[PDB]
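Peer 1: Input: one structure, supplied below.
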Amino acid sequence: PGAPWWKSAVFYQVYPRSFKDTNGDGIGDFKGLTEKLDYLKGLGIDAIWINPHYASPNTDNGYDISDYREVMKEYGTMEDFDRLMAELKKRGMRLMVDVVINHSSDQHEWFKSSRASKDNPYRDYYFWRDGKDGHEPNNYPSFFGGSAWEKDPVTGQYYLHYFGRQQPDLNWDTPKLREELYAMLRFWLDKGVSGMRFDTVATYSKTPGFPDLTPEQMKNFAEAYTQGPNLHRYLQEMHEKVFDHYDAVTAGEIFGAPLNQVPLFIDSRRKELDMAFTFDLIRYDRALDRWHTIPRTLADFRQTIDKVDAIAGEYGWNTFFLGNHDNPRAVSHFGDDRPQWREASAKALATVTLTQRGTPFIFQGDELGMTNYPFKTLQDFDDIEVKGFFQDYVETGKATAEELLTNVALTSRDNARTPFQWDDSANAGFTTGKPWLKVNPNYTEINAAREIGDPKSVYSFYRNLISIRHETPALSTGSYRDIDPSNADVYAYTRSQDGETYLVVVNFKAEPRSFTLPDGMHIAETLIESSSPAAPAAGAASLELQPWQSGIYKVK
Ligand SMILES: [Ca+2]
């Protein structure tokens, strides 16, 4: 039997708002993305996942949808969307769209109807509840600041919003609402979309009665929000009424759930989702408050990967990524972005990304080695999440504005949202106008035009790794074995399939290091290396590594 196309595909994530502007308003759009499909095809990309592209007031840049069947005005028209799909198809590429159905915008007609009175047909499309003891229904906090309950004087009741106040949570306990969501998914699937990524998929089911979270639960309320008693029943119902009738791949952003529960979402036999986006690795060094960083080592990094790979088991499947639109830049976060180590470490991280067991997702700009942005003031951030941290921590006196800036500069989602750096023209060729978010001044040294023309660039390395992965089945669907989970200097593992075994060795130190192959194992051939002055000799039982050197070898 063969493995589904998605298990061996290499995905690229495009945050439209920041990819390519073609009309000078400072915001990326569909025409811009369509104009760059040859660029993506040339890198070797099989499929693209685009962030929300629907009608939205943009309080959470696309994640607050006011009409699920209309395109976002800033990105273009439905015609532009249809052309994007037609052009991807001409190139044999597939599209994965973002599905945001844990909540809608408060400007969605369902909510405008719902909030108008206590007795209308849409009242239960959301959660409305009486306050208690003079305040909110319970102690639930919002990820974006303050309480997760907002009072509406029209009826005197509060509505639930785990995220922004303008993102009321949809009520999955209402069958008519579930059916409306299913019809909506069919609208897009009928257009030919090849994949759907389910935004905060683990929070759909709410706890009956809304009791207060205990003091312990309050510490990590994100986890309690993924413990709704009807979650899997709803996901299985969605698969039965929708996905069982199409051949689209589904992936879930499983935010907040304990890793041990992940199999329930992805075991193929359960007929729920196909792939998992987990946060254990990308948030492995993030404090519970989400804006401070905790020092970790490569031992923590690889041990987390080992735990995540183990939960996919036999019937599950993981996506793998080191960056996305909600986290700091890969090279800054996991590598060393200083001028002298940025390219070397970005290449090392590329080797890791493209040799993990699972479907890799490359975030726009990481193939160039883009870095975090040098924020100078709190006003340099656009993200509603930072305004939420200001509300919860600075206005409350828990931290100073200076402390928030210092710390959130290293963790903010905005680090990943600065405009893609195409070349060294005005605003790195992203726009002819004024970018919605400032372009990183390092675009003069980090830009696609320059990378493409240099065989020694980060871009060229990614391109070469993608080709290698495409020609080596073991590198996608092969088994995974960490040679030494306790080693905090050099990351080494094997990928094996049908008697073929490959060894990946990556030095995470900016100093020379040595690596001794497992007893009986010997280098047979060197497929590729980064930052190496010479490949090992056939038969070698050890390797000498330069700072940040990475390599993939066929062993015997
Ligand atoms: Ca535009």
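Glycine gets a Cβ as well: all are built from the backbone with ideal geometry, and neighbour counts include every protein chain shown. Computed from the coordinates by the stated procedures, all read-outs in this text should not be read as laboratory data.
Peer 1: Points 7 angstrom from Cα along the Cβ direction at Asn23 and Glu445: gap in nanometres?
Peer 2: Distance between the two pseudo-spin positions: 3.7 nm.
Peer 1: Check the straight Cα-Cα distances from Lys376 and name the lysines below 23 Å, setting aside those fewer than 8 residues away within the same chain.
Peer 2: The reachable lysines, counting only those whose Cα sits under 23 Å from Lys376, are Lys387, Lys398, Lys434, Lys438.
Peer 1: Oh, and also: For a Förster distance of 45 Å, can you work out the FRET efficiency between the beta-carbons of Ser8 and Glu511, rounded to the nearest 0.05? Walk me through the numbers on the way to the answer.
Peer 2: Numbers: r = 36 Å, r/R0 = 0.79.
My answer for the efficiency is 0.80.
Peer 1: In Å and on Cα atoms, what radius of gyration and Dmax does segment 100-177 show?
Peer 2: 11.6, 33
Peer 1: Still on this structure, please answer the following. Cα to Cα, under 23 Å, and not fewer than 8 places away if on the same chain: which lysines meet these conditions relative to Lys176?
Peer 2: Answer for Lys176, where 23 Å is the Cα cut-off: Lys112, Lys118, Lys206, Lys241, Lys271, listed by chain and number.
Peer 1: Relative to the Cα centre, what is the charge dipole magnitude of segment 479-556, using +1 at the beta carbon of each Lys and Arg, -1 at the beta carbon of each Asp and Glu, and rounding to the nearest 20 debye?
Peer 2: Values: 6 positive and 10 negative charges, 10 e Å.
Rounded to the nearest 20 debye, it is 60 debye.
Peer 1: So how far apart, in nm, are the two label points at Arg283 and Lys132 if each is 7 Å from Cα heading toward Cβ?
Peer 2: 2.5
Peer 1: How big is the charge dipole of segment 238-363 about its Cα centre, in debye rounded to the nearest 20, if each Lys and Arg gets +1 on its Cβ and each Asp and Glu gets -1 on its Cβ? Could the numbers behind the result be given before it?
Peer 2: Values: 15 positive and 18 negative charges, 65 e Å.
Magnitude of the dipole: close to 320 debye.
Peer 1: In the chain, what percentage of the DSSP-assigned beta bridges are antiparallel, given to the nearest 5? Let's see the in-between values first.
Peer 2: On the way: 40 of 65 bridges.
Beta bridges within the chain, antiparallel portion: roughly 60 percent.
Peer 1: Would you please state which residues of segment 310-349 a label at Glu223 would reach in this model, taking the label point 7 Å out along Cα→Cβ and a backbone N cut-off of under 19 Å?
Peer 2: 311
Peer 1: Another question, then. Treat every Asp and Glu Cβ in the chain as -1 and every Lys and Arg Cβ as +1, leave all other atoms uncharged, and give the resulting dipole magnitude about the Cα centre to the nearest 20 debye.
Peer 2: Working: 61 positive and 80 negative charges, 124 e Å.
For this selection, approximately 600 debye.
Peer 1: Can you give me the P(r) profile for the chain? Cα pairs, bins 10 angstrom wide beginning at 0, each as a whole percent.
Peer 2: Bin by bin from 0 Å, the calculated values are 3, 17, 28, 28, 16, 6, 1, 0.
Peer 1: Could you work out how far apart the two model spin labels at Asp423 and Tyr39 are, taking each label as a point 7 Å from the Cα in the direction of the beta carbon, and quote it in nm?
Peer 2: Distance between the two pseudo-spin positions: 1.1 nm.
Peer 1: Right, another one. On a straight-distance basis, which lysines could pair with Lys89 in a cross-link, Cα separation under 22 angstrom, same-chain partners fewer than 8 positions away excluded?
Peer 2: Result set, ordered by chain and number: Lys7, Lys20, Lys31, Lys36, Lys41, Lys191.
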